[PDB]
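Working notes, structure below.
Letters A, B, ... mirror the listed sequences (proteins, then strands); counts begin at 1. Reckoned from all heavy atoms, side chains included, excluding hydrogens, waters and symmetry mates.
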Amino acid sequence: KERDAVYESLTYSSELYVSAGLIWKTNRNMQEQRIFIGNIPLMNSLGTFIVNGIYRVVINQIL
Amino acid sequence: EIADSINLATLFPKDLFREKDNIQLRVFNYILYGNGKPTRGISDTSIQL
């Protein structure tokens with residue numbers, strides 16, 4: 001939970017899973033598993049992120 | 001010997017008239033394994049060449 005990510009100085013984040021296939025033409029076997037690509041930080045309704053327990057805000061740039 | 005005659009009258013009734021079409025079908029013969037490459041046989045499964 002968000003309060004946990006602050007108490008333990010962790011990151012409030014979500015896990016990105018994708019299916020990946022790996023074909024070995026030596027054996028012609030196609031093996032597919034659900035691969036865990038990594039973590040994606042999640043945003044609170046107040047527009048803030050929790051990274052290593054620190055509340056962070058991404059401001060807008062004009063270019 | 002691979003037959004250059006693959007039976008595909010099973011596809012279409014072979015109409016009396018055929019208009020010129022932009023589309024065109026093709027039959028491609030495909031040797032699944034390379035020249036001199038091994039074909040490994042898994043038990044109880046047949047090898048398609």
Side-chain angles (χ1 to χ4, degrees):
Chain A
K1 280 177 172 184
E2 311 171 32
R3 54 215 301 277
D4 291 302
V6 181
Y7 190 82
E8 335 293 350
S9 171
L10 289 191
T11 291
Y12 186 74
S13 175
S14 170
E15 299 84 346
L16 176 62
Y17 284 84
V18 185
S19 287
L22 192 40
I23 301 178
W24 304 275
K25 296 166 182 175
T26 72
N27 305 331
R28 285 196 162 192
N29 292 320
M30 62 204 324
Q31 197 180 24
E32 180 175 355
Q33 294 184 8
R34 272 162 148 271
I35 191 54
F36 161 46
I37 300 313
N39 286 333
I40 303 290
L42 286 194
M43 203 195 69
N44 155 288
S45 65
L46 300 178
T48 176
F49 295 89
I50 304 172
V51 180
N52 286 69
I54 286 171
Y55 287 100
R56 291 210 162 261
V57 164
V58 174
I59 73 164
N60 319 280
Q61 189 179 30
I62 172 169
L63 285 157
Chain B
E1 299 185 6
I2 298 178
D4 55 354
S5 35
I6 191 81
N7 163 69
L8 272 73
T10 319
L11 291 184
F12 305 123
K14 195 194 178 187
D15 298 330
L16 214 57
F17 299 87
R18 176 69 64 242
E19 291 181 16
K20 265 283 301 180
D21 273 24
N22 298 91
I23 220 174
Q24 51 169 4
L25 291 175
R26 288 281 284 161
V27 169
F28 275 67
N29 255 337
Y30 192 83
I31 289 188
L32 273 167
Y33 302 98
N35 196 25
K37 289 198 175 181
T39 72
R40 279 188 186 176
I42 300 164
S43 89
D44 275 346
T45 54
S46 75
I47 304 164
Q48 184 65 48
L49 304 176

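From A:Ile35, atom CD1 reaches atom OG of A:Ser19 across 9.5 Å, with rounding to the nearest 0.5 Å. Distance CZ/A:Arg28 to CD1/A:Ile23: 10.5 Å, rounded to 0.5 Å. Here the straight-line distance linking atom NZ of B:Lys37 with atom CD1 of B:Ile31 works out to 12.5 Å at 0.5 Å rounding. Between the CG atom of A:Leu42 and the OG1 atom of A:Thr11 there is a distance of 11.0 Å, given to the nearest 0.5 Å. Atom CD1 of A:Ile54 is separated from atom OG of A:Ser9 by 7.0 Å, given to the nearest 0.5 angstrom. Taken to the nearest 0.5 Å, the CD1 atom of A:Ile40 stands 10.0 Å off from the CD atom of A:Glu15.
If you chain together hydrophobic residues whose side chains sit under 4.5 Å apart, B:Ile6 and B:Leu11 fall into the same group. The cluster map of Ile, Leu, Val, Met, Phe, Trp and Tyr, joined by side-chain heavy atoms under 4.5 Å apart, puts A:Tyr12 and A:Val6 in the same cluster.
Grouping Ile, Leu, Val, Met, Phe, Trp and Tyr residues whose side-chain heavy atoms lie under 4.5 Å apart, directly or via other members, leaves A:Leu63 alone, with no other cluster members. Applying the 4.5 Å side-chain rule to ILVMFWY residues, one finds B:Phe17 in the same cluster as B:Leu16. Grouping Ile, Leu, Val, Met, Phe, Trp and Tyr residues whose side-chain heavy atoms lie under 4.5 Å apart, directly or via other members, places A:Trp24 in a hydrophobic cluster with A:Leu22. Clustering of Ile, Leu, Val, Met, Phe, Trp and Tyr by side-chain heavy atoms under 4.5 Å joins A:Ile62 with none of the others.
Residues B:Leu32 and B:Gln48 share a closest heavy-atom pair of CD1-O, 3.2 Å. Closest of all the heavy-atom pairs between A:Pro41 and A:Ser13 is N-OG, 3.5 Å.
Every residue meeting the side-chain contact (heavy atoms from CB on, under 4.5 Å) condition with B:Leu25, not counting sequence neighbours, appears here in chain and number order: B:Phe12. Not a single side chain to side chain donor-acceptor pair (under 3.5 Å) links B:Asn35 to another residue, sequence neighbours left out. Residues satisfying the salt bridge (charged side-chain N to carboxylate O under 4.0 Å, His left out) test with B:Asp15, not counting sequence neighbours, are B:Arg18. B:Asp44 pairs by the side-chain contact (heavy atoms from CB on, under 4.5 Å) definition with nothing, not counting sequence neighbours. For A:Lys1, the side-chain contact (heavy atoms from CB on, under 4.5 Å) test picks out A:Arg3, A:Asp4, with sequence neighbours left out. Here B:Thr39 pairs with B:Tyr33, B:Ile47, B:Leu49 under the side-chain contact (heavy atoms from CB on, under 4.5 Å) rule; sequence neighbours left out.
Other residues, nucleotides and ligands place more than 12 heavy atoms under 6.0 Å from the CD atom of A:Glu32.
For residues 42-59 of chain A, every residue pair satisfying the side-chain hydrogen bond (donor to acceptor under 3.5 Å, both in side chains) rule, not counting sequence neighbours, is listed here: A:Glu2-A:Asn44.
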